[PDB]
Participant: 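One structure follows; several queries about it will come next.
Chain identifiers are assigned alphabetically (A, B, ...) following the order of the sequence lines, protein sequences preceding nucleic acid strands; residue numbering begins at 1 within each chain. All heavy atoms count here, side chains included; hydrogens, waters and symmetry mates do not. Both ligands and their constituent atoms are indexed starting at 1 by order of listing.
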Amino acid sequence: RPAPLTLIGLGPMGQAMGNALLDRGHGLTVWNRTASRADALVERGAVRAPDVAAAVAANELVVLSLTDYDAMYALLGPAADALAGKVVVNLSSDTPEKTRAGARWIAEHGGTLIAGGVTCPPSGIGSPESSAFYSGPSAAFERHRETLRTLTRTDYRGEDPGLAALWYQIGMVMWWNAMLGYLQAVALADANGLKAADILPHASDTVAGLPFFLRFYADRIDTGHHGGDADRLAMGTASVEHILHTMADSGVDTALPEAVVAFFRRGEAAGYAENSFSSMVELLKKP
Amino acid sequence: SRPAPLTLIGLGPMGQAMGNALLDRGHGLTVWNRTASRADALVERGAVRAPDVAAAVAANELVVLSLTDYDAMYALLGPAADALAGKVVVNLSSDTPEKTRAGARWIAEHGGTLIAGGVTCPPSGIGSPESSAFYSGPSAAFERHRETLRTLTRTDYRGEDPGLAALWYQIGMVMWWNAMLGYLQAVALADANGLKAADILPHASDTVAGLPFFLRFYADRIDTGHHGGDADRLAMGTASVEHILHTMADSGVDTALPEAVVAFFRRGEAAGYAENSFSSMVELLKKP
Amino acid sequence: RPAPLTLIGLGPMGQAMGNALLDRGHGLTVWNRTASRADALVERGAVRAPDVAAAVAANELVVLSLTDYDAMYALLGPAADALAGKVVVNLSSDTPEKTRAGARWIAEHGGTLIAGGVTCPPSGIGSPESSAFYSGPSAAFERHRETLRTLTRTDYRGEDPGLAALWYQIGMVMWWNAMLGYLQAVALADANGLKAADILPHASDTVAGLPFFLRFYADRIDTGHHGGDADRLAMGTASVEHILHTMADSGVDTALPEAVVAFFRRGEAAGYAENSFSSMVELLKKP
Amino acid sequence: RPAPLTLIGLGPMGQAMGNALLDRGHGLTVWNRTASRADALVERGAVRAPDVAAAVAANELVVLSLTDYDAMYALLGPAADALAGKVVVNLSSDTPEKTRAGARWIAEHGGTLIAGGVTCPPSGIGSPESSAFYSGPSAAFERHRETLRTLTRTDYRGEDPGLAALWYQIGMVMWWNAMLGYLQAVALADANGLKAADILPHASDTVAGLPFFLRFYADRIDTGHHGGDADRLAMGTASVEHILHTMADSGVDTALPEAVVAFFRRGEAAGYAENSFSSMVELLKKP
Ligand SMILES: NC(=O)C1=CN([C@@H]2O[C@H](COP(=O)(O)OP(=O)(O)OC[C@H]3O[C@@H](n4cnc5c(N)ncnc54)[C@H](OP(=O)(O)O)[C@@H]3O)[C@@H](O)[C@H]2O)C=CC1
Ligand SMILES: NC(=O)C1=CN([C@@H]2O[C@H](COP(=O)(O)OP(=O)(O)OC[C@H]3O[C@@H](n4cnc5c(N)ncnc54)[C@H](OP(=O)(O)O)[C@@H]3O)[C@@H](O)[C@H]2O)C=CC1
Ligand SMILES: NC(=O)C1=CN([C@@H]2O[C@H](COP(=O)(O)OP(=O)(O)OC[C@H]3O[C@@H](n4cnc5c(N)ncnc54)[C@H](OP(=O)(O)O)[C@@H]3O)[C@@H](O)[C@H]2O)C=CC1
Ligand SMILES: NC(=O)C1=CN([C@@H]2O[C@H](COP(=O)(O)OP(=O)(O)OC[C@H]3O[C@@H](n4cnc5c(N)ncnc54)[C@H](OP(=O)(O)O)[C@@H]3O)[C@@H](O)[C@H]2O)C=CC1
């Protein structure tokens, strides 16, 4: 039987979360700084709380979908003394350190923070294939897990609130870097009469073969094997210089390929030319 | 009827795999490498060791090169460059389209024909039907040597311009290197938190497997200039990349690569794109 | 923290599965009808359970890799009452309805069935490139997902156990038809002095261009667009007659090509000659 | 540079062929039994031939895009004696033996027939990645090869005109079987509330993983290795039975899946049950 809950934060993720909760039949109380972002949900049956404090008071479960944890202090700070007995499921990105700071704040005001990292876009909220990392007090998470199953599948990573944020950041460094490479490929294509649609099949093939290299290098990096049997860093330095010069010749911004070339040059200056590019995970483990 | 003979110059990871696949099929293979040790197994398997690069070029009309760059072709084939007349040089080496076009003009000045190639597979993929390579250059020479080239990978001919195969290779490699640099950063962040690459491999594999959906979602949006903040705002993304930078700094992990990503996203915000999708950053990367 | 589990079914797929589970670090207990198939696995560190019951009792997670769901009854039947509190992940092919029956049977004995459909060959078990459809009670899937992620990536389709079987059959009808076409082309080639290796490049190109046609026809079929702008069915009827007669003139068996001609002739008999071959989806569709 | 030519047959392929030849600057003379199907190409700048006989006399090169070779005899037979010194490039599908008979017929009238098998849809005409098999006298083909390169890449397969047709059918038996498998997947999907767009990703991954299996079985079939290393026919006969029954339980036509199950039952009757499904090529091969 769908338990009622409050949702604060109605950007792309929160609007989708509200629609999924209203589809399962959860009594929903919503609040958003931009009051107009709640209009469609309230027309579908969501209750518009007149203020943030009334949203927190409406239910024990308060789900937050905000840009970061500073936004949580900005919205919940005025009525922080009424956070007693409340379970705050923060589905906002932040560092493990700031996520732990938010958990301390909520606890010092009588509440319980469960940290969440949703690994799906808005279109994936409510879909069975979607998942979210969850960390923080086990008992409070277990009590509200069934409601959270409406949004995504739940993946508990442990009692430390910082864990859900670490696992989110581990995936997002891969996602953002891959997507910035796509934006760079689309720009190179544009300068050469090619649209994103023209490069889509090749771009999709490039990313669809990446799991092979993830396993290939995982086994080796863990065993400390950085041999140049499949690849040598010097060949990669040339490849990335070719990218930089190809983009500059085509009039495309070079700031991001210049940083890549700088990284490969630091690997050669460390004596890794005949080793795999994987050898540079050692430069990364260094502050 | 029978696999054609050919010369292969360049016996590093890719060339070694190419020679093996060419012999596995039944091609008469003449080989040559600067480090002669790398031809030992291929010669044992039945290949002819050319004595001095020139002899290798003279051995066959088809000369396939697997070198680090196009400068390496000039260094090896320059001494006997006048004997390149009538020869078809398939350069499977990475380089800028402009340097690839310069290589083609040099081969042409010496009476030869250059076919440019960009192999989109690792050594383990040479010989596999799954693997492909970009090809560009004079159609007749490509069409004449295609069957032999299909032993190595599938052939994707992009046109008569030799620079086309290099452009398409660079388009895919900027994506590949950036994704794999993110993987190395994820492995380092993981190591600093007691996690091996094997512990994060499930999540890393899911993250890269969901990427084809996002390439399709943003393709039409970027092509139509639709950069609305309906699915995402650059300001949210700037916070996200800042969280990566600081999660990595708090874990003692090198921050030069995440600092470049944060600087890129903060430059978009300072140019008026904060309420737009991160896709709008292609407008700052583009030429106009 | 690699959790322990039991694997029953050590045929081509099960052997690879136990192979990957041991490589990852899982405490594996195994069992097979032909005991000799567990030899290598026990040498590598697996516990050979003396009987089926002991296999089930060793761990909560019991994974089955068998030809069908009938084999689950034959093996787990005798000690079915001890299936209480056990989660049975059945990675065995069967119909959605037979998969749904097995789930009810397991719940009658106090267990929980999670249905699975592995879309990879034995060589791909353990590879991040491989995936599997999973369907069944979400909470039991969430509890055992990390262990199932050792075999392949996990694609949860929903609570209905029949969903993982439906998604598997949707792909296998394409896979089997495509590979029966390969066997036919190899036979045609053989009858004309060409080995499979001689036609392998053209066969690979033919299958590599298929995603384009799948996308081209998807929106068309979904929207009822069966116009003959790219192709007419009468042209296709001649193409498949050309295939049948090429095979007949070369002495190749013609049962499979005659069935293809028969289907296209049914398309013509229904008034679809000037329409795209796509029109024949309406002959296959449920009324 | 762009040589003049005649195009007869303006259905989907010939319309795209004509548009590509006019785009390059080729002087084009067109003719179609349905005169109206030339209207657009004539307004684009092609000359309308009053009769097939004049179309043939207009140029040495006569390209045909017709359903089959019976259409060549019907259209060109009346003025066949005026085919002397003409190069007829027939891009029409037919059996190798009927293509060889068409070449003898053109040669009896003093012309030369070049057989063609275009391996691209109409959207691929003019694309550098598109290709066409070509067979027949090398001299005549190599005289007009550059004009044919405007349509697709030219792949010469040899002097026998039947070779282009054989290589075409080798690929088309794979293409048709894969696409009929797709139509069936789409019908099973529709019966279960799933559109083609919902199954398109899995369908695309299924057909893109096929080149691995093409290589796996190519080597094995050529050396007669048909062991159950990766698969057993009996497991496969159950898989195809699961497909047949899944489709029956969902109300989908079972004619094509029945033909597949019958073929697998012939393999089990030959004692191949414990062998690879690859063993069923011996059932198809010419005695
Ligand atoms: N978008 C995506 O695809 C995904 C994002 N995420 C994560 O989920 C979170 C939310 O995502 P998304 O919906 O895109 O987020 P946005 O950053 O676009 O906005 C989320 C909400 O935060 C509110 N907000 C931000 N700053 C403040 C502040 N100082 N005071 C008050 N309210 C504030 C916004 O209010 P207002 O409506 O007034 O602007 C909005 O409702 C992020 O942390 C993101 O990393 C998770 C996975 C996917
Ligand atoms: N490695 C990979 O996975 C892939 C790489 N590629 C591309 O293929 C090409 C080949 O790279 P790869 O096979 O990895 O190997 P390398 O680039 O490491 O070496 C290739 C060959 O070049 C030779 N060489 C380099 N510089 C010179 C020189 N100045 N004079 C003479 N010979 C020279 C080497 O000789 P020696 O043996 O004596 O060192 C070696 O045989 C590159 O352009 C690369 O971008 C394509 C796709 C995948
Ligand atoms: N093989 C493949 O490439 C793939 C197959 N699959 C699916 O996975 C499942 C297993 O595959 P695969 O390993 O090839 O299967 P097999 O049918 O070849 O063998 C699987 C196991 O089932 C056991 N078994 C079969 N029938 C019975 C029975 N009546 N009673 C008891 N045990 C029985 C066999 O025991 P014993 O050793 O004693 O014979 C064997 O260990 C199938 O459902 C298949 O559709 C999934 C994707 C790929
Ligand atoms: N369409 C495709 O995607 C591909 C098809 N092909 C092959 O190319 C050929 C052309 O196919 P497509 O372009 O689709 O067109 P069709 O096969 O549907 O028709 C082609 C032309 O043949 C003519 N024609 C057919 N029968 C006769 C006859 N008895 N007498 C006179 N003219 C006749 C038609 O004239 P009318 O206008 O009067 O009907 C039409 O212009 C086929 O052999 C096909 O296998 C190869 C590659 C891809």
Participant: Looking at every non-hydrogen atom in both residues, tell me the closest pair between B:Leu234 and B:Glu269 and how far apart they are.
Facilitator: CD2-N, 3.6 Å
Participant: Heavy atoms only: which of A:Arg33, B:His243, B:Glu275, A:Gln15 is nearest to atom 32 (N) of ligand 1?
Facilitator: A:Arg33
Participant: Which heavy atom of B:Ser279 sits nearest a heavy atom of B:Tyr218, and at what distance?
Facilitator: CB-CD2, 3.9 Å
Participant: Which residue supplies the protein heavy atom nearest to atom 10 (C) of ligand 4, what is that atom called, and how far is it?
Facilitator: D:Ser65 OG, 3.4 Å
Participant: Which of the atoms in ligand 1, numbered in the order shown and given with their element, are less than 4.0 Å from a heavy-atom of A:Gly9?
Facilitator: 41 (O)
Participant: Please indicate whether any nitrogen or oxygen in C:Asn32 is less than 3.5 Å from any nitrogen or oxygen in ligand 3.
Facilitator: yes
Participant: What heavy-atom pair brings C:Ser123 and D:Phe212 nearest, and what distance separates the two atoms?
Facilitator: OG-CZ, 3.5 Å
Participant: Should the pair D:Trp176 and C:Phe264 be assigned to parallel (<30°), tilted (30 to 60°) or perpendicular (>60°) ring geometry?
Facilitator: perpendicular
Participant: Considering only heavy atoms of C:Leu10, which atoms of ligand 3 have at least one such atom less than 4.0 Å away?
Facilitator: 41 (O)
Participant: Using distance alone, determine whether C:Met13 and ligand 3 share an N or O pair under 3.5 Å.
Facilitator: yes
Participant: For D:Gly236, is the nearest heavy atom under 4.0 Å from an atom of ligand 3?
Facilitator: no
Participant: Could an N or O of ligand 1 be found under 3.5 Å from any N or O of A:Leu75, whether backbone or side chain?
Facilitator: no
Participant: For ligand 1, which atoms sit closer than 4.0 Å to a heavy atom of A:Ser92?
Facilitator: 43 (O)
Participant: Tell me the protein heavy atom at minimum distance from atom 40 (C) of ligand 4, and give that distance in Å.
Facilitator: D:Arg37 NH2, 3.7 Å
Participant: Testing A:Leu75, A:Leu76, A:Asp51 for side-chain contact (heavy atoms from CB on, under 4.5 Å) with A:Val56, which one passes?
Facilitator: A:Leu76
Participant: Mark up the atoms of ligand 1 that fall under 4.0 Å of a heavy atom belonging to A:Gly11, in ascending order.
Facilitator: 13 (O), 40 (C), 41 (O)
Participant: Pick, from D:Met72, C:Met235, C:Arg232, the option with the minimum heavy-atom distance to atom 44 (C) of ligand 4.
Facilitator: C:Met235
Participant: Measure the distance from atom 25 (C) of ligand 3 to every protein heavy atom, then report the residue, atom name and distance (to 0.1 Å) of the closest one.
Facilitator: C:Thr67 OG1, 3.0 Å
Participant: At what distance is the nearest protein heavy atom to atom 1 (N) of ligand 3, and which residue and atom is it?
Facilitator: D:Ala230 O, 3.2 Å
Participant: Could you report the tightest heavy-atom contact between D:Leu66 and D:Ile8, atom names first, then the distance?
Facilitator: CD2-O, 4.3 Å
Participant: For atom 22 (O) of ligand 1, which of the options A:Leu7, A:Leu66, A:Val52 provides the nearest non-hydrogen atom?
Facilitator: A:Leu66
Participant: What is the minimum heavy-atom distance between C:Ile125 and C:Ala20, and which atoms define it?
Facilitator: CG2-CB, 4.2 Å
Participant: Using only heavy-atom distances, determine whether the side chains of C:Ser276 and C:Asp231 contain a donor-acceptor pair under 3.5 Å.
Facilitator: yes
Participant: Tell me whether D:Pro122 has any N or O atom under 3.5 angstrom from an N or O of ligand 4.
Facilitator: no
Participant: Could you tell me if any non-hydrogen atom of B:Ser240 lies under 4.0 Å from any atom of ligand 1?
Facilitator: no
Participant: Taking atom NZ of C:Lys98 as the centre, report whether more than 12 heavy atoms of other residues, nucleotides or ligands fall under 6.0 Å from it.
Facilitator: yes
Participant: Any luck finding a side-chain donor-acceptor pair between A:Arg37 and A:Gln15 under 3.5 Å?
Facilitator: yes
Participant: Just to be sure I'm reading this right: ignoring hydrogens, which of C:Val118, C:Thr152, C:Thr34, C:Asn90 gets closest to atom 38 (O) of ligand 3? Compare them by their nearest heavy atoms.
Facilitator: C:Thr34
Participant: Just jot down the ligand 1 atoms closer than 4.0 angstrom to any heavy atom of A:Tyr168, in number order.
Facilitator: 6 (N), 45 (O), 46 (C), 47 (C)
Participant: For the residue pair D:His242 / C:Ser93, report whether a side-chain donor-acceptor contact shorter than 3.5 Å exists.
Facilitator: yes
Participant: Taking non-hydrogen atoms only, is C:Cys120 closer than 4.0 angstrom to ligand 3 via side chain, backbone, both or neither?
Facilitator: backbone
Participant: Are B:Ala235 and ligand 1 in contact, using a heavy-atom cut-off of under 4.0 Å?
Facilitator: no
Participant: What protein heavy atom is closest to atom 12 (P) of ligand 3, reported as residue, atom name and distance in Å?
Facilitator: C:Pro12 CD, 3.8 Å
Participant: State whether the shortest distance between N or O atoms of A:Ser93 and N or O atoms of ligand 1 falls below 3.5 angstrom.
Facilitator: yes
Participant: What protein heavy atom sits nearest atom 8 (O) of ligand 3, and how far away is it?
Facilitator: C:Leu91 O, 3.8 Å
Participant: Which pair of heavy atoms, one from C:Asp94 and one from C:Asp70, lies closest together, and at what distance?
Facilitator: OD2-N, 4.3 Å
Participant: State whether the side chain of C:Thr119 and the backbone N or O of C:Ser131 hold a donor-acceptor pair below 3.5 Å, judged by distance alone.
Facilitator: yes
Participant: State, without any angle test, whether C:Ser127 and C:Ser130 hold a side-chain donor-acceptor pair at a distance under 3.5 Å.
Facilitator: yes
